[PDB]
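Worksheet: one structure, shown below.
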Amino acid sequence: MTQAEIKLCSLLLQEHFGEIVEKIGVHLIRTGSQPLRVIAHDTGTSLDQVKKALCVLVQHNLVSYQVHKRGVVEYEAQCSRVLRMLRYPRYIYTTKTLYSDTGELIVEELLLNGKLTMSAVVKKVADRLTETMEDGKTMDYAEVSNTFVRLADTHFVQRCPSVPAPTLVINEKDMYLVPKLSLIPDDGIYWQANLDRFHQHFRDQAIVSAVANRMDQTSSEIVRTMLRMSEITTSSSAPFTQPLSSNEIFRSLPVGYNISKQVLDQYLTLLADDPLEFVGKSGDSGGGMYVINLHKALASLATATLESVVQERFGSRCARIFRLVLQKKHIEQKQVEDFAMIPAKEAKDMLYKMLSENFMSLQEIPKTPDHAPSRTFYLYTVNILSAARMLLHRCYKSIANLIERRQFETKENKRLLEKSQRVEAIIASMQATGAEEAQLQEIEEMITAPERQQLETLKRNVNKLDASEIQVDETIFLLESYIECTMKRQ
Amino acid sequence: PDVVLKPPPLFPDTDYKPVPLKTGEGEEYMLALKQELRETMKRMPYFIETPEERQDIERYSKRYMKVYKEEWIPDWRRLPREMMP
Amino acid sequence: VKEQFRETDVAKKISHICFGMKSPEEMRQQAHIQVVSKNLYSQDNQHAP
Amino acid sequence: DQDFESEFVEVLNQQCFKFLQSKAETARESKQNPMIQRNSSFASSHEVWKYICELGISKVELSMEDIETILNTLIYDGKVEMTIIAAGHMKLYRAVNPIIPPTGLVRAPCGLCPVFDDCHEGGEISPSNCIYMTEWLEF
Ligand code: SF4
């Protein structure tokens, strides 16, 4: 959408895919829909390579296409679907923390090939696992398909729109069937992982973790249970959870937890009578039902993220004033100090340093048709939406800078790297023939101290950058869920 | 009202130092997983590592150039019928 | 030692003129010196920059 | 006359936070299985007044407003919460923990960087010749 996301996805498709395909991919983000010939013309690339790039992008369900005025095919690249390649390791880890290596090696190949048949997934998983074992190379196809059905009925791997003129109009239905396998030819059925389910699971994990380290460890089990009964009936857009009662809650609680009825209602009313206001009770004199609020919790999460950012950058004394003015909306300059016991000089300094970085807004109240900056009233107020949206624009350029720094150090010590790796294969094949410790002192002293000390620092730097990348892209995910919920498609 | 003759440095030393990261066995697991995903998708047929290669004179050493050119089946059936390579 | 070929004098014409506005980043990239002082003349021996 | 001693004020604030944390310590080690009384094991302004009297720091301070304003500066920090109840209006104070840990956004040095607009590759200050990046990598 903006220059930051385009610059980020450019590198993301240059390091994941090739240069020729990433060129056409970035050229598809500047112009929404364009004919094939116009694209091949203005891009400057030949027709064959452009078709290769297009089919590569289509195979990974990254670009869409539609039929227009006469019979023309207009292609469109969506950047939001492209920017979700930094969470593949997190997706695989979330698949592996609940399931085992089965689901991990089933889903890790579904995201590297996009549209793929299950006969191919079972094939490749069975082959890799038989190659992994040493003496007993027996892998049941039924257990590989059992985890596949567990993904299918929990709505993790769905069916992409199948095949029902210049081209065919791809249509989607609600027929998520699982054709019965034949283990030792089923064509026209391709499966793909569902990302919004992963986003929902991450949202539930974040909510339960926040309510855990916030007040209690037990109430998080209760809310995670309340979030487990609604995985099937509730969707992402729906702001209010379907009503659930306590008698049904006491039915489904963990096996290793014995908590009685009235104390469970105690916990539920403590969750209702709470300033955080996550769960709300609508009941009677007799009984009632509880409803979990997702939007008013995501707002608190984004607010906490903003105060954490301002506290790590500016300071705790500064975040104190930030929270003070967030609580008391539209406060004036001389009345903020009688509340906050902070010296006026550096207080004004902090306020101006915050406002000059787009962290606060000032509203005008004049008493005249003229502005009259002298004869007017200034008020300080905080906007959460714009601040979250402006931090989201900073995270992307931060990730881009991290990626450029990681790619920068590799090409100055590159020939050194493939030269020290070429010496590795000289002795790796020699040790098979016969171990010579003289040929080992050859490689003991053939590499000099700075010739071996460069890889030592390069590996650590690459690890540090790739580990900071994930800690940064989890923040954009926590930040993009609050912006889309308030956004209402009219 | 004072005047500065020596310009400020291009890197003004920051206020505080950055924060150390969180580490668990899952963290290095995901790190190695990303490091292998990048290397494997770099070694995939979808990754085009062949922009174009130019060769001026022909040599006799044609034995050490047996590169296996297996494209993935494009599956033209579930694909725009207009685009036909 | 051998001399490398070089064009004698680059003579070209002007085809067309394009109008555009620069960014502060490109402005700093093109700029040479950064003025921070307001004193025009130094109060020393003679008029000197 | 309104006295100001920032050192004294913030050390009083730290001592009050430690005292409320110790009350939370005693409440959590007590652990009466019916935990309405555990969350109700608060410390009102009238007991932090007794704590002020047992402090022995400086007696030129009127208890009620000073302690309630210090607890206000504390709720502005985001460390404790207050709740008032009309019985007579009694203010109770509870110790709350932070909601989420510090984000991974700021752990990268690009979040602390004051020069963020000028940062661009191909010219002046950039991620290649950044001093902050190198100082982060070396450590
Ligand atoms: S590369 Fe360095 S100076 Fe530039 S924005 Fe990133 S952290 Fe800041």
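Residues 169-255, 265-316, in that order, are what chain D shows, numbered as in Swiss-Prot.
Cβ atoms are placed via backbone N, Cα and C, with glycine included.
For the recorded site, D:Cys296 ([4Fe-4S] cluster binding site), the DSSP three-state label reads coil. The Cβ neighbour count for D:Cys296 ([4Fe-4S] cluster binding site), using a 10 Å radius over every protein chain in view, is 18. The [4Fe-4S] cluster binding site annotation in Swiss-Prot covers D:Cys287, D:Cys290, D:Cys296, D:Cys307 and rests on experimental evidence.
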For the binding-site residues D:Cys287, D:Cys290, D:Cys307, work out the Cβ neighbour count at 10 Å and name the residue with the minimum. D:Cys307
Reading the DSSP string in three states, the entry for D:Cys307 ([4Fe-4S] cluster binding site) is coil
If proximity means a C-beta under 8 angstroms from chain B, which of D:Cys287, D:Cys290, D:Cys296 count? These are the binding-site residues. D:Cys290
